[PDB]
Amino acid sequence: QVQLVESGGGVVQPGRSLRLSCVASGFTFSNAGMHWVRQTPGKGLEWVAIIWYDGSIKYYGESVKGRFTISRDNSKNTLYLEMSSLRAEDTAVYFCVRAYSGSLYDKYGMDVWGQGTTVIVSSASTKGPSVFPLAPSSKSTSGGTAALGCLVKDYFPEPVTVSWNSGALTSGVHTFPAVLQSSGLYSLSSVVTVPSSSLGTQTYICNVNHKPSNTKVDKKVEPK
Amino acid sequence: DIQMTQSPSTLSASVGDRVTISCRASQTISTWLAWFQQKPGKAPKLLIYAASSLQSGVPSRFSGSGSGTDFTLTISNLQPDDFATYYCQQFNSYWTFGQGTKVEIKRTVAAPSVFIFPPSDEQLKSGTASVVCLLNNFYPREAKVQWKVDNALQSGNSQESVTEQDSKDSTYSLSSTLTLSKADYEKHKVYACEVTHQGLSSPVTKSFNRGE
Amino acid sequence: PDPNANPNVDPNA
């Protein structure tokens, strides 16, 4: 099977440069045209650049022309994307994609995609989250089901991982996708529903891990 | 440099259904159109190439048609593995993509259970107040959440987040988070979120009084 | 030049 594995993503400040790599196996890389394509939630899929099998011809998307350089090293089965003058628009998942390999057609698209590598263009500094309990008012609860959770606020960059009771509580857990707050820092919540009758017999602890800052927080969520 | 208009943006289907997705090019592209499938966190996968050619290993229930400017992907006898997002791509003049079509699971209407969480004392001591409203386990995805402070409608100080459709019960959950300074939080008494959803006979408001 | 022409080895090579 064709395999494409990208690397080099991470956090980079506006105006700076970064190089992505893509290592190919399972086909004759030196015979294949290759692409970069990037993805954002708000703009979708956007072609970035193509390079001919032998590196002799290159084309670029209009908005990266003059800022990005595509290159390859056939002796190493590796494709590169050098990015410079980085802008907010450039934050994305970057995919390596092989040009369509068959020869029945004289116009060419693309076939196999890599797994992607994430590029975050941001001026924010690495920061671990503040973790706050989510407990509804004890005076207004009703219906036999209780909701509780943890607010995981003001961290950078993604990701955080959350468990409950060290993994012993999985059913009814919803850990929401993070949102990028106005500050440039991320925030999310993790909630869980449990029997209202269980708040007096079962301790609930959210375990919050943030590897970029080397932070672990365990927060007991107390009935209010 | 060709604009691809894909429709619809979302559609709901059941196992066994026949699904059609359209894609219109802003200029003629002959048969140079491809269809890709993508699941969350994963890479796109080529299904159909050159408008109608089923690629190797792709189930025969996928088919494509069209030439010129109008193209259609059809999924017959929709299976559990087919719930995903689909993209068209023209490869006549450089490479551009449609906006995507999310094919999600149809189920019966389920109203949200609505909960409201006041800010914690720990957070208030730090100078900020976040109020969280939770809409749990509802279907369909479309919901309206409005914040009220002393019965005045709020704007621009809330962010929403939504889960992917649940693999077991096919529902969604959603959070809305209102952020205020500690000082502004302490200026007002009643904090409320009002929820409108097809499964509710009328909008439901959950609220609390600051300090209760 | 055509950016969408064959960017692979010539199939008749």
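Reminder, nothing fancy here: chain letters follow the sequence lines and each chain counts from 1. Only heavy atoms go into these numbers, but all of them, side chains included; no hydrogens, no water, no symmetry mates.
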K.L.:
Under a plain distance cut-off of 3.5 Å, with no hydrogens placed, do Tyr191(B) and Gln154(B) share a side-chain donor-acceptor pair?
P.N.:
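Judged by distance alone, the side chains do not pair up.
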K.L.:
Between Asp154(A) and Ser187(A), is any side-chain donor less than 3.5 angstrom from a side-chain acceptor?
P.N.:
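Absent: no donor and acceptor within the cut-off.
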K.L.:
Which heavy atom in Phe138(B) sits nearest to a heavy atom in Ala111(B), and how many Å separate them?
P.N.:
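Of all heavy-atom pairs spanning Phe138(B) and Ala111(B), the closest is CB-C, 3.9 Å.
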K.L.:
Hey, does the side chain of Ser161(B) reach the backbone of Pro177(A) with a donor-acceptor pair shorter than 3.5 angstrom?
P.N.:
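Yes, the answer is positive, given that a donor and an acceptor are paired below the 3.5 Å cut-off.
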K.L.:
How close do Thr96(B) and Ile2(B) get, heavy atom to heavy atom, and via which atoms?
P.N.:
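Looks like OG1-O, 2.6 Å.
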K.L.:
Is any side-chain heavy atom of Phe83(B) closer than 4.5 Å to a side-chain heavy atom of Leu78(B)?
P.N.:
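Contact flag for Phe83(B)/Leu78(B) side chains = yes.
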K.L.:
Just grab all the side-chain hydrogen bond (donor to acceptor under 3.5 Å, both in side chains) pairs involving residues 190-201 of chain A, residues at least two apart or on different chains.
P.N.:
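Every side-chain hydrogen bond (donor to acceptor under 3.5 Å, both in side chains) pair that includes a residue of residues 190-201 of chain A, provided the two are not neighbours, is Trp164(A)-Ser190(A), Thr175(A)-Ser190(A), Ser198(A)-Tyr204(A).
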K.L.:
Applying salt bridge (charged side-chain N to carboxylate O under 4.0 Å, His left out), can you list everything that pairs with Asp106(A), at least two apart in sequence or on another chain?
P.N.:
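Once residues adjacent in sequence are excluded, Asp106(A) has no partner under the salt bridge (charged side-chain N to carboxylate O under 4.0 Å, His left out) criterion.
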K.L.:
Is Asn137(B) reaching over with its side chain to a backbone N or O of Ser113(B), donor-acceptor style, under 3.5 angstrom?
P.N.:
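No: the side chain of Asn137(B) does not pair with the backbone of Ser113(B).
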K.L.:
Do the rings of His35(A) and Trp47(A) sit parallel, tilted or perpendicular, given the 30° and 60° boundaries?
P.N.:
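It falls in the perpendicular class, over 60°.
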K.L.:
Tell me, please, which residues at least two apart from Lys42(B) pass salt bridge (charged side-chain N to carboxylate O under 4.0 Å, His left out).
P.N.:
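Testing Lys42(B) for salt bridge (charged side-chain N to carboxylate O under 4.0 Å, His left out), a comparison that skips the adjacent residues, returns none.
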K.L.:
Do the side-chain N and O atoms of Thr177(B) and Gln159(B) include a donor-acceptor pair separated by under 3.5 angstrom?
P.N.:
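Note: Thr177(B) and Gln159(B) side chains miss the donor-acceptor criterion.
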K.L.:
Compare every heavy atom of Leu200(B) with every heavy atom of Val195(B), then report the nearest pair and how far apart it is.
P.N.:
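Nearest pair, atom of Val195(B) first, then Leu200(B): O-CD1, 3.7 Å.
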K.L.:
Looking only at non-hydrogen atoms, find the nearest pair between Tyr87(B) and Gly98(B) and report the distance.
P.N.:
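Closest pair (atom of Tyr87(B), atom of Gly98(B), distance): CD2-O, 3.5 Å.
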K.L.:
Any side-chain heavy atom of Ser22(B) within less than 4.5 Å of one from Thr72(B)?
P.N.:
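A side-chain contact under 4.5 Å exists here.
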K.L.:
Answer yes or no: is there a side-chain heavy-atom contact under 4.5 Å between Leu11(B) and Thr101(B)?
P.N.:
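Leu11(B) vs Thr101(B): side chains touch.
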K.L.:
Enumerate the salt bridge (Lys or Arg N to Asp or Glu O under 4.0 Å) contacts for residues 6-35 of chain B, please, sequence neighbours excluded, ordered by first and then second residue.
P.N.:
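Pairs touching residues 6-35 of chain B that pass the test: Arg24(B)-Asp70(B).
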K.L.:
Does the distance from a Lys or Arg side-chain N to an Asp or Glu carboxylate O, for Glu164(B) and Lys39(B), drop under 4.0 Å?
P.N.:
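No, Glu164(B) and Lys39(B) are not salt-bridged.
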K.L.:
Report the distance from atom CG of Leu20(A) to atom OG of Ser7(A), rounding to the nearest 0.5 Å.
P.N.:
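If I round to the nearest 0.5 Å, the distance is 8.0 Å.
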K.L.:
Only one of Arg38(A), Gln115(A), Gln39(A) forms a side chain to side chain contact (heavy atoms under 4.5 Å, CB included) with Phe95(A), so which one is it?
P.N.:
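Answer after filtering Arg38(A), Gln115(A), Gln39(A): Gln39(A).
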K.L.:
If you draw a 6.0 Å radius around NZ in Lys206(B), do more than 12 non-hydrogen atoms from other residues or ligands fall strictly inside?
P.N.:
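Counting other residues, nucleotides and ligands, NZ of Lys206(B) stays at 12 neighbours or fewer.
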K.L.:
Write down the atom of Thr40(A), the atom of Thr91(A), and the distance for their closest heavy-atom approach.
P.N.:
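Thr40(A) and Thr91(A) have their closest heavy atoms at CG2-O, 3.2 Å.
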K.L.:
Taking the side chain as every heavy atom from C-beta outward, state whether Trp32(B) and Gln90(B) have any atom pair closer than 4.5 Å.
P.N.:
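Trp32(B) does not reach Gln90(B) side chain to side chain.
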K.L.:
Using modelled atom types only, decide if a donor and an acceptor are shared between the side chain of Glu194(B) and the backbone of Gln146(B) within a distance under 3.5 Å.
P.N.:
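It does not hold such a pair.
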K.L.:
Nearest 0.5 Å, what's the CG-OH distance between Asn8(C) and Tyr53(A)?
P.N.:
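With rounding to 0.5 Å, CG (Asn8(C)) is 9.5 Å from OH (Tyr53(A)).
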K.L.:
Indicate yes or no for a side-chain donor-acceptor contact from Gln79(B) to the backbone of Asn77(B) under 3.5 Å, with no hydrogens or angles considered.
P.N.:
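A pair under 3.5 Å: yes.
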K.L.:
Looking at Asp169(B) and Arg107(B), is there a salt bridge between them, counting it only when a charged N and a carboxylate O are closer than 4.0 Å?
P.N.:
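Salt bridge flag = no for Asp169(B) with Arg107(B).
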K.L.:
Do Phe27(A) and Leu4(A) have side chains that get closer than 4.5 Å, going by heavy atoms?
P.N.:
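Of all side-chain heavy-atom pairs linking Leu4(A) with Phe27(A), at least one is under 4.5 Å.
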K.L.:
For the atom pair CD1 (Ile48(B)) and SG (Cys88(B)), what is the distance rounded to the nearest 0.5 Å?
P.N.:
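Between atom CD1 of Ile48(B) and atom SG of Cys88(B) there are 13.0 Å.
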K.L.:
Looking only at the side chains, is there a donor atom on one of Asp166(B) and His174(A) sitting less than 3.5 Å from an acceptor on the other?
P.N.:
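There is no such pair (donor and acceptor under 3.5 Å, judged by atom type) between the side chains of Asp166(B) and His174(A).
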K.L.:
Could you tell me whether a side-chain N or O of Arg72(A) sits under 3.5 Å from a main-chain N or O of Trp52(A), the two making a donor and an acceptor?
P.N.:
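Answer holds: yes.
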K.L.:
Indicate yes or no: does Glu89(A) engage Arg87(A) in a salt bridge with an N to O separation below 4.0 Å.
P.N.:
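So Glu89(A) pairs with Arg87(A) through a salt bridge.
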K.L.:
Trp35(B) vs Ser52(B), test: side chain to side chain contact (heavy atoms under 4.5 Å, CB included). Steps then yes/no.
P.N.:
CA-CA 9 Å; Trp35(B) 292 101; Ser52(B) 60; over 6 Å; no
K.L.:
What I want to check is whether the side chains of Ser170(B) and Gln165(B) have a donor and an acceptor closer together than 3.5 Å.
P.N.:
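Result is no, nothing qualifies.
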K.L.:
Ring centroid separation for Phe68(A) and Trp36(A), is it under 6.0 angstrom?
P.N.:
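Between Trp36(A) and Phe68(A), which both carry aromatic rings, the centre distance is not below 6.0 Å.
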K.L.:
Given 3.5 Å as the limit, does a donor-acceptor pair link the side chain of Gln6(B) with the main chain of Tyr86(B), or not?
P.N.:
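At least one qualifying donor-acceptor pair exists.
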K.L.:
For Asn157(B) and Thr179(B), which I'm curious about, is there any donor-acceptor pair between the side chains at under 3.5 Å?
P.N.:
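Their side chains do not contain a donor-acceptor pair, so the 3.5 Å distance test is not met.
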K.L.:
So which heavy atom on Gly116(A) is nearest to which on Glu6(A), and how close?
P.N.:
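Reported closest heavy-atom pair: N-OE1, 2.9 Å.
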K.L.:
Side chain to side chain donor-acceptor pair (under 3.5 Å) between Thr85(B) and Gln38(B): does it pass, once the steps are laid out?
P.N.:
CA-CA 5 Å; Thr85(B) 297; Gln38(B) 188 182 31; over 6 Å; no
K.L.:
About how many Å separate CG of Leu199(A) and CG of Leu148(A), when rounded to the nearest 0.5 Å?
P.N.:
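The distance works out to 7.0 Å.
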K.L.:
Quick one: does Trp95(B)'s side chain have a donor or acceptor within less than 3.5 Å of a partner on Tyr108(A)'s backbone?
P.N.:
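It does hold such a pair.
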K.L.:
Kindly assign one of parallel, tilted or perpendicular to the pair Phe36(B) and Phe97(B), based on the angle between their ring planes and the thresholds 30° and 60°.
P.N.:
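Rings of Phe36(B) and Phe97(B): tilted, 30 to 60°.
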K.L.:
Is there a donor-acceptor contact under 3.5 Å from the side chain of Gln99(B) to the main chain of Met4(B)?
P.N.:
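Pair found, side chain donor or acceptor close to backbone of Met4(B).
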K.L.:
Flag the pair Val58(B) / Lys45(B) as yes when at least one side-chain heavy-atom distance between them is below 4.5 Å, and no otherwise.
P.N.:
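Yes; the side chains approach each other to less than 4.5 Å.
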K.L.:
Look up atom OG in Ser120(B) and atom NZ in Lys219(A), then write down how far apart they are to the nearest 0.5 Å.
P.N.:
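So the OG of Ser120(B) and the NZ of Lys219(A) are separated by 7.5 Å.
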K.L.:
With respect to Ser12(B), which candidate in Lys102(B), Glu104(B), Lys106(B) satisfies the side chain to side chain donor-acceptor pair (under 3.5 Å) definition?
P.N.:
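Answer after filtering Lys102(B), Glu104(B), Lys106(B): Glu104(B).
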K.L.:
Return yes if a side-chain donor-acceptor contact under 3.5 Å exists between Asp218(A) and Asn207(A), otherwise no.
P.N.:
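Note: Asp218(A) and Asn207(A) side chains meet the donor-acceptor criterion.
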K.L.:
Working note: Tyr49(B) + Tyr105(A), criterion ring-ring contact (aromatic ring centres under 6.0 Å, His included); need CA distance, chi angles, decisive distance, verdict.
P.N.:
CA-CA 10 Å; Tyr49(B) 193 76; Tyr105(A) 312 98; 5.7 Å; yes
K.L.:
Roughly how far, to the nearest 0.5 Å, is CD of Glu160(B) from SG of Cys133(B)?
P.N.:
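Reported value, rounded in 0.5 Å steps: 9.0 Å.
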K.L.:
Partners of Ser30(A) by side-chain contact (heavy atoms from CB on, under 4.5 Å), sequence neighbours excluded?
P.N.:
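Partners of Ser30(A) under the side-chain contact (heavy atoms from CB on, under 4.5 Å) test: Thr28(A), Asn74(A).
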K.L.:
Give a yes or no on whether the backbone of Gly200(A) and the side-chain of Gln202(A) come within a donor-acceptor separation of less than 3.5 Å.
P.N.:
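No.
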K.L.:
List in chain and number order the residues that pass side-chain contact (heavy atoms from CB on, under 4.5 Å) with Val11(A), two or more places apart in sequence or in another chain; answer none if no residue qualifies.
P.N.:
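Testing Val11(A) for side-chain contact (heavy atoms from CB on, under 4.5 Å), a comparison that skips the adjacent residues, returns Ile120(A), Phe156(A), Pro157(A).
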K.L.:
Without swapping roles, check the side chain of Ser130(A) against the backbone of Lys153(A) for a donor-acceptor pair under 3.5 Å.
P.N.:
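Not at all, since once roles are kept as given, no pair shorter than 3.5 Å links the two residues.
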